[PDB]
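Written below as structure tokens is the structure these notes are about.
Number of protein chains: 2
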Amino acid sequence: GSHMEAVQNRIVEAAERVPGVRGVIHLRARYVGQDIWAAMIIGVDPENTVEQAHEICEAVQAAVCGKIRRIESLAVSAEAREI
Amino acid sequence: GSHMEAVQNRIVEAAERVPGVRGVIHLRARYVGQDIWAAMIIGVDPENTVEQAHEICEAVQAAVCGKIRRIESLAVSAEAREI
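Chains as they are written, first to last, in the authors' numbering: chain A, 211 to 293; chain A', 211 to 293. A prime marks a further copy of an entry chain.
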């Protein structure tokens with residue numbers, strides 16, 4: 211089941227190129243029919259505001275849903291990640 | 211099924227008395243055996259930091275699990291709420 215490993219990779223790469231994302235902490239993805247439904251946690255600067263972290267999450271969603279073909283549901287939340 | 215409405219009320223009141231919580235936005239609660247498992251979204255100042263919002267969520271968890279008897283699982287996340 212490695213068509214899923216390929217896709218997870220592209221999702222991770224896609225997300226990380228959005229401003230403010232410091233790593234994908236967590237990504238769950240499953241096939242629903244021919245579609246992918248995913249849920250993601252991104253690391254963000256602990257000192258970003260809550261409203262900034264929301265904006266980053268939305269940009270990640272737009273970027274991934276925009277770029278990655280079979281993704282039809284993506285939930286994105288944020289956690290503090292110091293690096 | 212109104213032993214659940216009573217408990218949801220006490221959870222909401224409990225959470226709202228934690229510093230930085232501006233309303234409970236969402237609370238899902240279910241009985242697992244004789245226990246309650248719940249998941250909650252609190253409103254917080256959009257200008258709090260991410261790390262502050264984490265701390266508020268943890269204080270809500272400590273407060274609710276500490277005070278409300280049959281709750282054995284509580285997940286708490288934060289969303290921006292301007293008021």
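Each residue gets a CB set at the ideal place from its N, CA and C atoms; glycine is no exception.
Asked	Found
Return helix, strand or coil for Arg-220 of chain A', following the three-state DSSP convention.	helix
So, with DSSP's three-state summary, where would you put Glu-261 of chain A?	helix
Classify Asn-258 of chain A' as buried or exposed, calling it buried when 16 or more other Cβ atoms lie within 10 Å of its own Cβ.	buried
Identify the continuous beta strand (DSSP E) that holds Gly-253 of chain A and give its terminal residues.	245-254
Provide the residue span of the beta strand (DSSP E) that contains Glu-282 of chain A', from first to last.	281-290
Does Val-234 of chain A have its Cβ less than 8 Å from a Cβ in chain A'?	no
Since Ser-287 of chain A meets chain A', which of its residues come closer than 8 Å, beta carbon to beta carbon?	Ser-287
Counting only Cβ-Cβ distances shorter than 9 Å, please list the residues of the region 251-262 of chain A' near chain A, keeping chain order.	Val-254, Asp-255, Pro-256, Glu-257, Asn-258, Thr-259, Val-260, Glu-261 and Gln-262
Using only the alpha-carbon positions, how far apart do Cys-275 of chain A' and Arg-279 of chain A sit?	42 Å
Is the Cβ of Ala-290 of chain A' closer than 8 Å to any Cβ of chain A?	yes
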